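Below: the structure, in structure tokens.
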Amino acid sequence: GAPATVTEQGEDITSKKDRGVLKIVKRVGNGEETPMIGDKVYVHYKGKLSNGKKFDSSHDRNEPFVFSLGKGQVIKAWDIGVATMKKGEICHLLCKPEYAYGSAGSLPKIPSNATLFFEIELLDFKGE
């Protein structure tokens, strides 16, 4: 399924090249450039466990998720992954626990040492 597709075909976008954040672009953005670090980014997403269990979707509440890019307001994989995206892009990310919620997890939805899958749409981004 999509997590296995990313395991098999995804790009390692980590600086450590530790396969901690793997990416596939699913829809190329019309946007030409990535956001800058510090920019406010607006995303839609769906987040699943690596076994395909959906744990959330922002489309369920018509509510984009907004954060300041690169500021540690979100899991590391998102700061890393969304920084590679262009406006309008949809990607898939697969995120090792070191780049997500680690040993502690985030119960009930996220177990200890969970590898997480996201589909992310970069809707827009704005200056800091």
Side-chain angles (χ1 to χ4, degrees), residues 1-32 34-128:
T5 300
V6 182
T7 296
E8 282 309 307
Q9 305 175 0
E11 179 174 354
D12 187 348
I13 62 166
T14 65
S15 67
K16 293 152 77 174
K17 298 305 171 214
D18 56 15
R19 289 177 56 79
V21 186
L22 301 169
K23 181 180 179 196
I24 304 176
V25 174
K26 307 306 298 184
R27 184 180 77 192
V28 178
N30 50 341
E32 294 196 25
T34 60
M36 291 298 183
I37 295 307
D39 281 0
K40 182 141 280 212
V41 295
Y42 288 82
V43 302
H44 263 310
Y45 72 96
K46 16 242 77 257
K48 305 179 147 205
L49 305 177
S50 55
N51 71 10
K53 178 45 172 64
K54 171 188 174 191
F55 60 84
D56 196 25
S57 170
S58 57
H59 285 298
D60 296 339
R61 51 188 77 89
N62 299 327
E63 184 201 354
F65 189 105
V66 63
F67 65 103
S68 296
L69 180 64
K71 306 308 297 200
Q73 296 178 356
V74 290
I75 61 167
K76 286 172 253 177
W78 274 36
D79 270 340
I80 294 167
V82 173
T84 72
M85 299 181 72
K86 293 170 181 85
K87 187 174 169 171
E89 179 178 318
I90 300 174
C91 79
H92 291 175
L93 297 183
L94 193 69
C95 313
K96 290 182 177 169
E98 189 196 331
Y99 292 89
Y101 298 96
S103 64
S106 191
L107 295 174
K109 291 185 167 198
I110 311 297
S112 184
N113 301 314
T115 292
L116 307 181
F117 172 92
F118 299 89
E119 177 175 272
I120 302 168
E121 184 180 6
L122 180 54
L123 302 161
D124 200 9
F125 58 92
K126 303 292 194 186
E128 186 178 358

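Numbers for residues simply follow the sequence, beginning at 1.
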Legend entry - Stepwise side chain to side chain contact (heavy atoms under 4.5 Å, CB included) check, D60 with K54: CA-CA 12 Å; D60 296 339; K54 171 188 174 191; 2.9 Å; yes
Legend entry - Side-chain donor or acceptor of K86 paired with backbone N/O of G29 under 3.5 Å: no
Inset, instruction - Could you point out which residue of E89, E119, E11 forms a salt bridge (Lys or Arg N to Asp or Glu O under 4.0 Å) with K23? - result: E89
Inset, instruction - Answer yes if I37 and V74 sit in the same cluster of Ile, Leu, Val, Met, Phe, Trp and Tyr residues linked by side chain heavy atoms under 4.5 Å apart, and no otherwise. - result: yes
Legend entry - Side-chain heavy-atom pair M85, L93 within 4.5 angstrom cut-off: no
Inset, instruction - Begin from the C-alpha positions of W78 and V43 and carry the test side chain to side chain contact (heavy atoms under 4.5 Å, CB included) through to its verdict. - result: CA-CA 10 Å; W78 274 36; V43 302; 3.7 Å; yes
Legend entry - Residue list, side chain to side chain donor-acceptor pair (under 3.5 Å) with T7, at least two apart or on another chain: none
Inset, instruction - Hydrophobic side-chain clustering at under 4.5 Å (ILVMFWY, transitive links): who's grouped with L22? Put none if nobody. - result: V6, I24, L94, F117
Legend entry - Test item: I80 and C95 side chains (from C-beta on) under 4.5 Å apart, heavy atoms: no
Legend entry - Atom pair CZ (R19) and NZ (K96), whose distance is rounded to the nearest 0.5 Å: 6.0 Å
Legend entry - Pairwise side-chain contact, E121 with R27, heavy-atom cut-off 4.5 Å (strictly under): yes
Legend entry - Main-chain N/O of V41 paired to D39 side chain as donor or acceptor, under 3.5 Å: no
Inset, instruction - Please tell me if the side chains of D56 and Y45 come closer than 4.5 Å, counting only heavy atoms from C-beta onward. - result: yes
Legend entry - Beyond-backbone contact of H92 with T5, side-chain heavy atoms, under 4.5 angstrom: no
Inset, instruction - Report yes if the side chains of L123 and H44 come closer than 4.5 Å at any heavy-atom pair, otherwise no. - result: yes
Inset, instruction - Answer yes or no: is there a side-chain heavy-atom contact under 4.5 Å between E98 and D18? - result: yes
Inset, instruction - Apply side chain to side chain contact (heavy atoms under 4.5 Å, CB included) to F118 and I75, showing your working. - result: CA-CA 12 Å; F118 299 89; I75 61 167; 3.8 Å; yes
Listing, residues 62-72 side-chain donor-acceptor contacts under 3.5 Å, not counting sequence neighbours, or none:
none

Inset, instruction - Please examine the side chains of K126 and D124, heavy atoms only from C-beta on, and report whether any two atoms are closer than 4.5 Å. - result: yes
Legend entry - CD (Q73) with more than 12 external heavy atoms under 6.0 Å: yes
Inset, instruction - Before giving the answer on side chain to side chain contact (heavy atoms under 4.5 Å, CB included), spell out for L49 and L116 the whole-Å C-alpha distance, their side-chain angles and the decisive distance to 0.1 Å. - result: CA-CA 5 Å; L49 305 177; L116 307 181; 3.7 Å; yes
